[PDB]
file coords.txt (compact mmCIF, C-alpha atoms)
# COMPACT_ATOMS: atom_id res chain seq x y z
CA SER A 1 -10.99 29.69 67.07
CA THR A 2 -10.07 26.42 65.36
CA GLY A 3 -11.75 23.69 63.36
CA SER A 4 -10.90 20.04 62.71
CA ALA A 5 -12.69 17.72 60.30
CA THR A 6 -12.02 14.22 59.01
CA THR A 7 -11.60 13.82 55.26
CA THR A 8 -12.39 10.46 53.67
CA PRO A 9 -11.46 8.96 50.27
CA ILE A 10 -14.44 8.63 47.95
CA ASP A 11 -13.31 5.23 46.59
CA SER A 12 -10.63 2.55 46.84
CA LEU A 13 -8.21 4.53 44.64
CA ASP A 14 -8.25 7.79 46.64
CA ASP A 15 -9.61 9.54 43.54
CA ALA A 16 -10.75 12.41 45.77
CA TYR A 17 -11.57 13.14 49.41
CA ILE A 18 -14.83 14.38 50.96
CA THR A 19 -15.20 16.38 54.18
CA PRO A 20 -18.55 17.02 55.91
CA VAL A 21 -19.63 20.67 55.97
CA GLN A 22 -22.61 22.17 57.80
CA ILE A 23 -24.53 24.80 55.80
CA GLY A 24 -27.49 26.86 56.99
CA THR A 25 -29.87 26.86 59.95
CA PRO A 26 -30.82 24.19 60.86
CA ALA A 27 -27.64 22.63 59.54
CA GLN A 28 -27.68 20.83 56.21
CA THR A 29 -24.61 18.58 56.08
CA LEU A 30 -23.01 18.14 52.64
CA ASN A 31 -19.84 16.22 51.79
CA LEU A 32 -17.56 18.62 49.93
CA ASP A 33 -14.31 18.19 48.03
CA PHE A 34 -11.83 20.61 49.63
CA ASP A 35 -9.84 22.02 46.72
CA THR A 36 -6.69 24.10 47.29
CA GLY A 37 -6.60 24.66 43.51
CA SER A 38 -9.83 26.67 43.23
CA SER A 39 -11.66 29.35 45.16
CA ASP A 40 -15.42 28.73 44.89
CA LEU A 41 -17.58 27.02 47.51
CA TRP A 42 -20.37 25.54 45.38
CA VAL A 43 -23.00 22.92 46.11
CA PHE A 44 -25.60 20.74 44.50
CA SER A 45 -28.87 22.37 45.45
CA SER A 46 -32.63 22.50 45.12
CA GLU A 47 -31.90 24.70 42.08
CA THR A 48 -29.77 22.13 40.24
CA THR A 49 -31.32 20.85 37.00
CA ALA A 50 -33.05 17.69 38.16
CA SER A 51 -31.64 15.44 35.43
CA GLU A 52 -28.13 16.46 36.56
CA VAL A 53 -28.61 15.26 40.16
CA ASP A 54 -27.96 11.53 40.74
CA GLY A 55 -27.62 10.65 44.43
CA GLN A 56 -25.94 13.81 45.76
CA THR A 57 -27.17 15.52 48.90
CA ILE A 58 -28.54 18.95 48.03
CA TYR A 59 -28.56 22.31 49.80
CA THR A 60 -32.05 23.82 49.96
CA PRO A 61 -31.68 27.52 50.80
CA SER A 62 -35.42 27.99 51.33
CA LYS A 63 -35.17 25.68 54.37
CA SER A 64 -32.36 27.73 55.95
CA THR A 65 -33.46 30.63 58.12
CA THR A 66 -30.03 32.26 57.68
CA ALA A 67 -29.80 32.01 53.87
CA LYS A 68 -29.98 35.25 51.88
CA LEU A 69 -29.90 35.56 48.10
CA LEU A 70 -26.85 37.56 47.01
CA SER A 71 -28.80 39.72 44.61
CA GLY A 72 -27.56 39.68 41.02
CA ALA A 73 -24.59 37.41 41.69
CA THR A 74 -23.77 34.53 39.37
CA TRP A 75 -20.85 32.14 39.07
CA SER A 76 -19.42 29.84 36.43
CA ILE A 77 -16.29 27.73 36.69
CA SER A 78 -14.33 25.33 34.50
CA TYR A 79 -11.75 22.97 35.97
CA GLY A 80 -8.52 21.56 34.57
CA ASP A 81 -10.19 18.20 33.91
CA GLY A 82 -12.78 19.78 31.60
CA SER A 83 -15.63 19.69 34.12
CA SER A 84 -17.72 22.75 34.95
CA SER A 85 -20.64 24.14 36.94
CA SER A 86 -22.56 27.40 37.27
CA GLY A 87 -25.42 29.06 39.09
CA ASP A 88 -26.45 31.79 41.54
CA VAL A 89 -25.29 32.70 45.05
CA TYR A 90 -26.58 32.80 48.61
CA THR A 91 -24.86 33.86 51.79
CA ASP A 92 -25.32 31.54 54.75
CA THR A 93 -23.63 30.16 57.84
CA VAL A 94 -21.03 27.50 57.06
CA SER A 95 -19.21 25.39 59.64
CA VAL A 96 -16.30 22.98 59.18
CA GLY A 97 -15.23 20.79 62.08
CA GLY A 98 -16.59 23.23 64.66
CA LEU A 99 -15.33 26.44 63.00
CA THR A 100 -18.18 28.72 61.91
CA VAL A 101 -18.25 31.51 59.31
CA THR A 102 -21.35 33.65 58.97
CA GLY A 103 -22.11 35.36 55.67
CA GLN A 104 -20.17 32.84 53.57
CA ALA A 105 -20.93 32.87 49.86
CA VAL A 106 -22.53 29.51 49.05
CA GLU A 107 -22.68 29.14 45.28
CA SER A 108 -25.79 27.17 44.32
CA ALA A 109 -25.42 25.12 41.16
CA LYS A 110 -28.06 25.46 38.50
CA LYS A 111 -26.01 23.36 36.07
CA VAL A 112 -23.20 20.85 36.54
CA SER A 113 -21.29 18.87 33.93
CA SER A 114 -21.59 15.12 33.53
CA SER A 115 -18.58 14.17 35.65
CA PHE A 116 -20.15 15.87 38.69
CA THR A 117 -23.53 14.23 38.09
CA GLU A 118 -21.84 10.85 37.72
CA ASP A 119 -20.05 11.11 41.08
CA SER A 120 -22.74 10.60 43.70
CA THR A 121 -20.26 10.95 46.58
CA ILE A 122 -19.29 14.62 46.04
CA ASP A 123 -21.97 17.17 46.95
CA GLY A 124 -19.88 20.18 45.90
CA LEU A 125 -16.49 21.83 46.25
CA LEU A 126 -14.96 24.04 48.94
CA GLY A 127 -12.21 26.14 47.36
CA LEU A 128 -9.09 26.96 49.37
CA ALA A 129 -6.90 28.74 46.81
CA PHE A 130 -6.65 32.55 46.90
CA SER A 131 -9.86 34.57 46.65
CA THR A 132 -8.57 36.34 43.54
CA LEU A 133 -9.66 33.21 41.62
CA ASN A 134 -13.26 33.25 42.87
CA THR A 135 -15.64 33.37 39.91
CA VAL A 136 -18.62 35.21 41.43
CA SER A 137 -19.70 38.18 39.31
CA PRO A 138 -20.11 41.13 39.54
CA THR A 139 -18.76 41.10 43.12
CA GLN A 140 -16.02 38.55 43.74
CA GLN A 141 -16.44 36.58 46.97
CA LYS A 142 -14.02 35.31 49.61
CA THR A 143 -13.17 31.72 50.39
CA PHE A 144 -14.13 30.03 53.64
CA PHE A 145 -10.51 30.28 54.81
CA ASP A 146 -10.25 33.97 53.90
CA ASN A 147 -13.45 34.70 55.83
CA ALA A 148 -12.35 32.66 58.85
CA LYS A 149 -8.72 33.80 58.94
CA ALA A 150 -9.01 36.77 61.30
CA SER A 151 -10.83 34.63 63.87
CA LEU A 152 -8.38 31.72 63.76
CA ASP A 153 -5.81 31.20 66.48
CA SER A 154 -3.19 31.15 63.69
CA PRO A 155 -3.91 32.05 60.03
CA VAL A 156 -3.28 28.55 58.70
CA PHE A 157 -4.96 25.37 57.59
CA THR A 158 -3.38 21.94 57.21
CA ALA A 159 -4.03 19.00 54.89
CA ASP A 160 -3.26 15.50 56.19
CA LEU A 161 -4.63 13.20 53.49
CA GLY A 162 -4.59 9.46 54.04
CA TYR A 163 -3.47 6.68 51.75
CA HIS A 164 -6.47 4.36 51.47
CA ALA A 165 -7.61 5.77 54.82
CA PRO A 166 -9.24 8.85 56.37
CA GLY A 167 -7.24 11.96 57.17
CA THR A 168 -7.78 15.45 58.55
CA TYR A 169 -8.20 19.09 57.59
CA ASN A 170 -7.41 21.44 60.47
CA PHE A 171 -8.02 25.18 60.58
CA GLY A 172 -6.22 27.61 62.86
CA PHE A 173 -3.60 25.33 64.43
CA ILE A 174 -0.79 22.90 63.62
CA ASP A 175 -1.20 19.47 65.27
CA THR A 176 2.37 18.70 66.29
CA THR A 177 1.42 15.04 66.85
CA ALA A 178 0.40 14.54 63.21
CA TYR A 179 3.85 14.52 61.60
CA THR A 180 7.41 13.34 62.18
CA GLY A 181 10.55 15.44 62.18
CA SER A 182 10.20 19.12 61.39
CA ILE A 183 8.12 21.14 58.94
CA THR A 184 10.10 22.72 56.10
CA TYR A 185 8.57 25.94 54.83
CA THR A 186 9.00 27.22 51.28
CA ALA A 187 8.02 30.40 49.46
CA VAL A 188 4.69 30.83 47.67
CA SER A 189 3.78 32.99 44.70
CA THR A 190 0.15 34.12 44.67
CA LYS A 191 0.48 35.74 41.22
CA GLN A 192 -1.70 33.06 39.58
CA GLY A 193 -4.05 32.67 42.54
CA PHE A 194 -2.63 29.27 43.54
CA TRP A 195 -0.46 27.88 46.33
CA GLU A 196 2.43 27.94 43.86
CA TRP A 197 5.92 26.96 45.00
CA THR A 198 9.22 25.62 43.65
CA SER A 199 10.38 22.12 44.46
CA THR A 200 14.15 21.69 44.60
CA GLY A 201 14.32 18.40 42.67
CA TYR A 202 13.50 14.73 42.63
CA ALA A 203 14.73 11.16 42.89
CA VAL A 204 13.36 7.92 41.46
CA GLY A 205 13.46 4.95 43.82
CA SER A 206 16.89 4.57 45.38
CA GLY A 207 18.48 6.74 42.68
CA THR A 208 20.48 9.88 43.23
CA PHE A 209 18.66 13.14 43.80
CA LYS A 210 18.53 15.51 40.82
CA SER A 211 18.68 19.14 41.88
CA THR A 212 16.39 21.09 39.57
CA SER A 213 13.73 23.73 40.14
CA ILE A 214 10.15 22.54 39.54
CA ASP A 215 7.50 25.25 39.86
CA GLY A 216 4.05 23.86 40.61
CA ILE A 217 0.92 24.12 42.71
CA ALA A 218 -0.20 22.30 45.85
CA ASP A 219 -3.65 21.13 44.71
CA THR A 220 -5.76 18.89 46.92
CA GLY A 221 -8.47 18.84 44.26
CA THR A 222 -6.28 17.08 41.66
CA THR A 223 -5.82 13.32 42.08
CA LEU A 224 -2.43 12.77 40.44
CA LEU A 225 1.08 14.24 40.33
CA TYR A 226 1.71 16.13 37.06
CA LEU A 227 5.36 16.95 36.35
CA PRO A 228 7.57 17.89 33.37
CA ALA A 229 7.88 15.26 30.65
CA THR A 230 11.61 14.78 31.36
CA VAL A 231 10.94 13.92 35.01
CA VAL A 232 8.00 11.62 34.23
CA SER A 233 10.00 9.77 31.55
CA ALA A 234 12.81 9.21 34.02
CA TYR A 235 10.35 7.74 36.53
CA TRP A 236 8.54 5.34 34.18
CA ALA A 237 11.80 4.19 32.56
CA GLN A 238 12.42 2.34 35.84
CA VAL A 239 9.22 0.27 35.46
CA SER A 240 9.50 -2.70 33.09
CA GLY A 241 6.78 -2.51 30.45
CA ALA A 242 5.62 1.00 31.28
CA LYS A 243 4.70 3.20 28.35
CA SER A 244 2.82 6.35 27.47
CA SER A 245 -0.46 5.44 25.75
CA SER A 246 -2.15 8.13 23.68
CA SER A 247 -5.34 6.05 23.58
CA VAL A 248 -5.53 5.76 27.36
CA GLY A 249 -4.29 9.30 27.96
CA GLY A 250 -1.05 8.84 29.87
CA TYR A 251 1.47 6.40 31.25
CA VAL A 252 0.29 2.87 31.95
CA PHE A 253 2.22 -0.02 33.43
CA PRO A 254 1.76 -3.76 34.00
CA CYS A 255 -0.47 -4.35 37.00
CA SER A 256 1.99 -7.08 38.04
CA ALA A 257 4.72 -4.48 38.62
CA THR A 258 6.05 -3.22 41.93
CA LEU A 259 6.55 0.53 41.52
CA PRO A 260 9.54 2.53 42.75
CA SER A 261 9.11 5.41 45.12
CA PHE A 262 9.35 9.03 43.99
CA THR A 263 11.04 11.68 46.12
CA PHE A 264 10.49 15.43 45.74
CA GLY A 265 12.52 18.19 47.32
CA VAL A 266 11.22 20.89 49.65
CA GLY A 267 14.20 23.13 50.24
CA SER A 268 16.85 20.84 51.66
CA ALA A 269 14.19 18.38 52.88
CA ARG A 270 12.77 15.38 51.03
CA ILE A 271 9.26 13.91 50.82
CA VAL A 272 9.10 10.26 49.74
CA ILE A 273 6.01 9.02 47.88
CA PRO A 274 5.90 5.21 48.28
CA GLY A 275 5.56 3.29 45.04
CA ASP A 276 2.16 1.92 46.02
CA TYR A 277 0.77 5.48 46.09
CA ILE A 278 1.49 5.74 42.34
CA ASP A 279 -0.72 2.75 41.40
CA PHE A 280 -4.18 3.84 40.19
CA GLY A 281 -5.31 0.37 39.24
CA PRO A 282 -6.64 -1.20 36.06
CA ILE A 283 -7.41 1.18 33.20
CA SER A 284 -10.76 -0.63 32.84
CA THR A 285 -12.32 -3.31 35.00
CA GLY A 286 -10.35 -6.54 34.74
CA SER A 287 -7.49 -5.13 32.67
CA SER A 288 -3.89 -6.03 33.47
CA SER A 289 -2.81 -2.55 32.35
CA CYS A 290 -2.71 -0.14 35.28
CA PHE A 291 -2.83 3.66 35.24
CA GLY A 292 0.14 5.60 36.62
CA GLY A 293 -0.12 8.20 39.36
CA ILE A 294 2.68 10.35 37.93
CA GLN A 295 1.81 11.92 34.57
CA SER A 296 3.19 14.59 32.28
CA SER A 297 2.14 18.21 32.74
CA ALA A 298 3.28 19.06 29.21
CA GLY A 299 -0.29 19.62 28.00
CA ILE A 300 -1.48 21.50 31.12
CA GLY A 301 0.78 24.54 31.31
CA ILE A 302 1.54 24.06 35.02
CA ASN A 303 2.96 21.34 37.24
CA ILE A 304 0.51 20.02 39.82
CA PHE A 305 1.40 18.48 43.18
CA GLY A 306 -1.92 16.70 43.56
CA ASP A 307 -3.11 14.15 46.10
CA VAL A 308 -0.49 11.54 45.11
CA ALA A 309 2.18 13.90 46.37
CA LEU A 310 0.32 15.70 49.14
CA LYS A 311 -0.89 12.55 50.90
CA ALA A 312 2.76 11.55 51.49
CA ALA A 313 3.12 14.67 53.68
CA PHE A 314 1.61 16.80 56.39
CA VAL A 315 1.03 20.06 54.52
CA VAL A 316 0.68 23.53 56.06
CA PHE A 317 -1.09 26.22 54.05
CA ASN A 318 0.16 29.34 55.82
CA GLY A 319 -2.07 32.32 55.08
CA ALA A 320 0.02 34.89 56.90
CA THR A 321 0.51 38.29 55.26
CA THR A 322 3.22 36.67 53.14
CA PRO A 323 1.85 33.15 52.53
CA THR A 324 4.13 30.11 52.61
CA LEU A 325 3.76 26.32 52.36
CA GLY A 326 5.14 23.81 54.86
CA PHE A 327 5.80 20.10 54.30
CA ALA A 328 6.64 17.43 56.87
CA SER A 329 6.98 13.68 56.62
CA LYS A 330 4.46 11.65 58.62
call {"tool": "encode", "arguments": {"input": "coords.txt", "output": "structure tokens"}}
result
Amino acid sequence: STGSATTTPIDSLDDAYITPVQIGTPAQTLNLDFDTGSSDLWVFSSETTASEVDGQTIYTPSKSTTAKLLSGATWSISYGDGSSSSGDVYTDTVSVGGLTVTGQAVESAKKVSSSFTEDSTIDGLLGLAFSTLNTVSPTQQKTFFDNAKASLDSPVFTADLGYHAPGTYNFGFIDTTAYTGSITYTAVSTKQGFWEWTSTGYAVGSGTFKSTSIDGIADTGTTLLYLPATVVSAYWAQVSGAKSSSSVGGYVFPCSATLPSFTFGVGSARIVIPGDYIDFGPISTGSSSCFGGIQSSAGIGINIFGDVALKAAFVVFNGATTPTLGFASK
């Protein structure tokens, strides 16, 4: 089997992407944030504290003839941005772009933190990291991809995120029309539960490539590109007036600037992020200070190849017995 679904930016900055997902019988369609950096499929629901729902579409398990309470199971998750959610668990039928999994754990939120409430466009998350990170207790649950894998034509999914435009998540096949050149594959460590890999270096604008190993994660659920302080300083030094602002929480730059590109290495191959992809707009409405799309990972503990990086590529998440990542230009 295969599936194919369009993913759409939630706003004009590409802060995140939503993909429609059918849950239950009859189908309830929710717009979920597909997140290769976590492993829980959770939704706003009829159980979510009412004051914490503000415009989201909710899953109502009592209206699904295929929903079953997973007795005794609870979940609770905290994300790198400080947000969180928790609740109980049902199993139900879940379909993405024509690919159907029966018995998928659908984690129903009883509580969500303010950032989720405040984002009316995201009805939940669909985790696509390794199932070892799933938070369901006392019986850990599998991701949608893990459950679908055996049925797929090939044990892969691909992320093709757009810049200011829709893109595609495909399951079970590699669309050879969706990228240019060849796909370069690189090793993955699953030891931390992430799609963790080692970039071979970077370049700033037209500058020379610096060969240096940068371990990080391919994370569709993180907006920005978080890299070591040395690398980020080298990038922003090429932008007149750019500076790191402790009050804003990262590097800012004059909105009048034209930004240089940023290249990252995948083996001997190179992915070029156009400068425009690194502009995240005014820090507050009407400001002439703009927020940078490349930020330091020094306070995180891990480097993160988020959407800023991934949307410059066609990305293959290869879930073969030994997983690997593939990157192509597009």
call {"tool": "closest_atom_pairs", "arguments": {"input": "coords.txt", "of": "region 86-145 of chain A", "to": "region 18-42 of chain A", "cutoff": "9 Å", "atoms": "only C-alpha atoms", "output": "Markdown table"}}
result
| residue | atom | partner | partner_atom | distance |
| --- | --- | --- | --- | --- |
| A:86 | CA | A:42 | CA | 8.6 |
| A:87 | CA | A:42 | CA | 8.8 |
| A:89 | CA | A:42 | CA | 8.7 |
| A:92 | CA | A:24 | CA | 5.6 |
| A:93 | CA | A:24 | CA | 5.1 |
| A:94 | CA | A:23 | CA | 4.6 |
| A:95 | CA | A:22 | CA | 5.0 |
| A:96 | CA | A:21 | CA | 5.2 |
| A:97 | CA | A:21 | CA | 7.5 |
| A:100 | CA | A:22 | CA | 8.9 |
| A:104 | CA | A:41 | CA | 8.8 |
| A:105 | CA | A:41 | CA | 7.1 |
| A:106 | CA | A:41 | CA | 5.8 |
| A:107 | CA | A:42 | CA | 4.3 |
| A:108 | CA | A:42 | CA | 5.8 |
| A:109 | CA | A:42 | CA | 6.6 |
| A:121 | CA | A:31 | CA | 7.4 |
| A:122 | CA | A:32 | CA | 5.8 |
| A:123 | CA | A:31 | CA | 5.4 |
| A:124 | CA | A:32 | CA | 4.9 |
| A:125 | CA | A:33 | CA | 4.6 |
| A:126 | CA | A:41 | CA | 4.2 |
| A:127 | CA | A:39 | CA | 3.9 |
| A:128 | CA | A:36 | CA | 4.3 |
| A:129 | CA | A:36 | CA | 4.7 |
| A:130 | CA | A:39 | CA | 6.2 |
| A:131 | CA | A:39 | CA | 5.7 |
| A:132 | CA | A:39 | CA | 7.8 |
| A:133 | CA | A:39 | CA | 5.6 |
| A:134 | CA | A:39 | CA | 4.8 |
| A:135 | CA | A:40 | CA | 6.8 |
| A:136 | CA | A:40 | CA | 8.0 |
| A:141 | CA | A:40 | CA | 8.2 |
| A:142 | CA | A:39 | CA | 7.8 |
| A:143 | CA | A:39 | CA | 5.9 |
| A:144 | CA | A:41 | CA | 7.7 |
call {"tool": "closest_residue", "arguments": {"input": "coords.txt", "among": "A:242, A:50, A:259, A:224", "to": "residue 205 (chain A)", "atoms": "only C-alpha atoms"}}
result
A:259
call {"tool": "residues_around", "arguments": {"input": "coords.txt", "residues": "residue 315 (chain A)", "least_positions_apart": "2", "cutoff": "9 Å", "atoms": "all atoms listed in the file", "output": "list in words"}}
result
residues 157, 158, 159, 160, 161, 183, 310, 311, 313, 317, 325, 326, 327, 328 and 329 of chain A
call {"tool": "atom_distance", "arguments": {"input": "coords.txt", "atom1": "CA of residue 288 (chain A)", "atom2": "CA of residue 304 (chain A)"}}
result
27.2 Å
call {"tool": "residues_near_point", "arguments": {"input": "coords.txt", "point": "(-7.2, 17.5, 39.4)", "cutoff": "7 Å", "atoms": "all atoms listed in the file", "output": "list in words"}}
result
residues 80, 81, 221, 222, 223, 224 and 306 of chain A
call {"tool": "atom_distance", "arguments": {"input": "coords.txt", "atom1": "CA of residue 116 (chain A)", "atom2": "CA of residue 283 (chain A)"}}
result
20.2 Å
call {"tool": "atom_distance", "arguments": {"input": "coords.txt", "atom1": "CA of residue 237 (chain A)", "atom2": "CA of residue 254 (chain A)"}}
result
12.9 Å
call {"tool": "closest_residue", "arguments": {"input": "coords.txt", "among": "A:234, A:65, A:73, A:51", "to": "residue 139 (chain A)", "atoms": "all atoms listed in the file"}}
result
A:73
call {"tool": "closest_residue", "arguments": {"input": "coords.txt", "among": "A:309, A:231, A:300, A:67", "to": "residue 210 (chain A)", "atoms": "only C-alpha atoms"}}
result
A:231
call {"tool": "closest_residue", "arguments": {"input": "coords.txt", "among": "A:152, A:70, A:53, A:43", "to": "residue 101 (chain A)", "atoms": "all atoms listed in the file"}}
result
A:152
call {"tool": "closest_residue", "arguments": {"input": "coords.txt", "among": "A:111, A:2, A:324, A:286", "to": "residue 153 (chain A)", "atoms": "all atoms listed in the file"}}
result
A:2
call {"tool": "closest_residue", "arguments": {"input": "coords.txt", "among": "A:49, A:4, A:240, A:263", "to": "residue 175 (chain A)", "atoms": "only C-alpha atoms"}}
result
A:4
call {"tool": "residues_around", "arguments": {"input": "coords.txt", "residues": "residue 110 (chain A)", "least_positions_apart": "5", "cutoff": "9 Å", "atoms": "all atoms listed in the file", "output": "mmCIF file with C-alpha atoms, in the frame of the given file"}}
result
data_model
loop_
_atom_site.group_PDB
_atom_site.id
_atom_site.type_symbol
_atom_site.label_atom_id
_atom_site.label_comp_id
_atom_site.auth_asym_id
_atom_site.auth_seq_id
_atom_site.Cartn_x
_atom_site.Cartn_y
_atom_site.Cartn_z
ATOM 1 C CA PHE A 44 -25.600 20.740 44.500
ATOM 2 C CA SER A 45 -28.870 22.370 45.450
ATOM 3 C CA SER A 46 -32.630 22.500 45.120
ATOM 4 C CA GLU A 47 -31.900 24.700 42.080
ATOM 5 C CA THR A 48 -29.770 22.130 40.240
ATOM 6 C CA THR A 49 -31.320 20.850 37.000
ATOM 7 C CA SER A 85 -20.640 24.140 36.940
ATOM 8 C CA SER A 86 -22.560 27.400 37.270
ATOM 9 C CA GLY A 87 -25.420 29.060 39.090
ATOM 10 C CA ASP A 88 -26.450 31.790 41.540
#
call {"tool": "residues_around", "arguments": {"input": "coords.txt", "residues": "residue 215 (chain A)", "least_positions_apart": "3", "cutoff": "9 Å", "atoms": "all atoms listed in the file", "output": "MDAnalysis selection string"}}
result
chainID A and resid 196:200 302:304
call {"tool": "residues_near_point", "arguments": {"input": "coords.txt", "point": "(-0.3, 2.8, 30.6)", "cutoff": "9 Å", "atoms": "only C-alpha atoms", "output": "list in words"}}
result
residues 241, 242, 243, 244, 245, 246, 248, 249, 250, 251, 252, 253, 254, 283, 289, 290, 291 and 292 of chain A
call {"tool": "build_atoms", "arguments": {"input": "coords.txt", "residues": "region 140-154 of chain A", "atoms": "N, CA, C and O atoms", "output": "mmCIF file, keeping the file's coordinate frame"}}
result
data_model
loop_
_atom_site.group_PDB
_atom_site.id
_atom_site.type_symbol
_atom_site.label_atom_id
_atom_site.label_comp_id
_atom_site.auth_asym_id
_atom_site.auth_seq_id
_atom_site.Cartn_x
_atom_site.Cartn_y
_atom_site.Cartn_z
ATOM 1 N N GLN A 140 -16.759 39.759 43.401
ATOM 2 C CA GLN A 140 -16.020 38.550 43.740
ATOM 3 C C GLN A 140 -16.150 38.287 45.238
ATOM 4 O O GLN A 140 -16.197 39.220 46.051
ATOM 5 N N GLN A 141 -16.212 37.007 45.601
ATOM 6 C CA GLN A 141 -16.440 36.580 46.970
ATOM 7 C C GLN A 141 -15.199 35.917 47.561
ATOM 8 O O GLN A 141 -14.323 35.432 46.847
ATOM 9 N N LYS A 142 -15.149 35.881 48.886
ATOM 10 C CA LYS A 142 -14.020 35.310 49.610
ATOM 11 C C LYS A 142 -14.222 33.831 49.910
ATOM 12 O O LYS A 142 -15.337 33.360 50.151
ATOM 13 N N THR A 143 -13.104 33.111 49.974
ATOM 14 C CA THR A 143 -13.170 31.720 50.390
ATOM 15 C C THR A 143 -13.504 31.590 51.871
ATOM 16 O O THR A 143 -13.378 32.529 52.669
ATOM 17 N N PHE A 144 -13.893 30.371 52.236
ATOM 18 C CA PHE A 144 -14.130 30.030 53.640
ATOM 19 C C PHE A 144 -12.918 30.357 54.503
ATOM 20 O O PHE A 144 -13.060 30.928 55.591
ATOM 21 N N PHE A 145 -11.716 30.008 54.033
ATOM 22 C CA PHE A 145 -10.510 30.280 54.810
ATOM 23 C C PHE A 145 -10.263 31.779 54.934
ATOM 24 O O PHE A 145 -9.929 32.266 56.015
ATOM 25 N N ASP A 146 -10.435 32.524 53.839
ATOM 26 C CA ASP A 146 -10.250 33.970 53.900
ATOM 27 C C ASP A 146 -11.205 34.599 54.901
ATOM 28 O O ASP A 146 -10.813 35.461 55.702
ATOM 29 N N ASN A 147 -12.463 34.153 54.899
ATOM 30 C CA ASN A 147 -13.450 34.700 55.830
ATOM 31 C C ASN A 147 -13.140 34.323 57.270
ATOM 32 O O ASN A 147 -13.402 35.105 58.191
ATOM 33 N N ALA A 148 -12.618 33.119 57.493
ATOM 34 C CA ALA A 148 -12.350 32.660 58.850
ATOM 35 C C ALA A 148 -11.034 33.174 59.428
ATOM 36 O O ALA A 148 -10.875 33.173 60.658
ATOM 37 N N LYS A 149 -10.119 33.629 58.567
ATOM 38 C CA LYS A 149 -8.720 33.800 58.940
ATOM 39 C C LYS A 149 -8.549 34.661 60.183
ATOM 40 O O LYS A 149 -7.838 34.284 61.123
ATOM 41 N N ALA A 150 -9.204 35.822 60.208
ATOM 42 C CA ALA A 150 -9.010 36.770 61.300
ATOM 43 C C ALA A 150 -9.405 36.178 62.640
ATOM 44 O O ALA A 150 -8.863 36.580 63.680
ATOM 45 N N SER A 151 -10.347 35.232 62.642
ATOM 46 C CA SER A 151 -10.830 34.630 63.870
ATOM 47 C C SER A 151 -9.976 33.462 64.327
ATOM 48 O O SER A 151 -10.061 33.067 65.491
ATOM 49 N N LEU A 152 -9.156 32.911 63.441
ATOM 50 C CA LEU A 152 -8.380 31.720 63.760
ATOM 51 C C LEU A 152 -7.265 32.029 64.747
ATOM 52 O O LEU A 152 -6.706 33.130 64.777
ATOM 53 N N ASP A 153 -6.922 31.029 65.558
ATOM 54 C CA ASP A 153 -5.810 31.200 66.480
ATOM 55 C C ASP A 153 -4.521 31.545 65.738
ATOM 56 O O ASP A 153 -3.708 32.346 66.215
ATOM 57 N N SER A 154 -4.318 30.930 64.578
ATOM 58 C CA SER A 154 -3.190 31.150 63.690
ATOM 59 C C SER A 154 -3.770 31.106 62.284
ATOM 60 O O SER A 154 -4.673 30.300 62.013
#
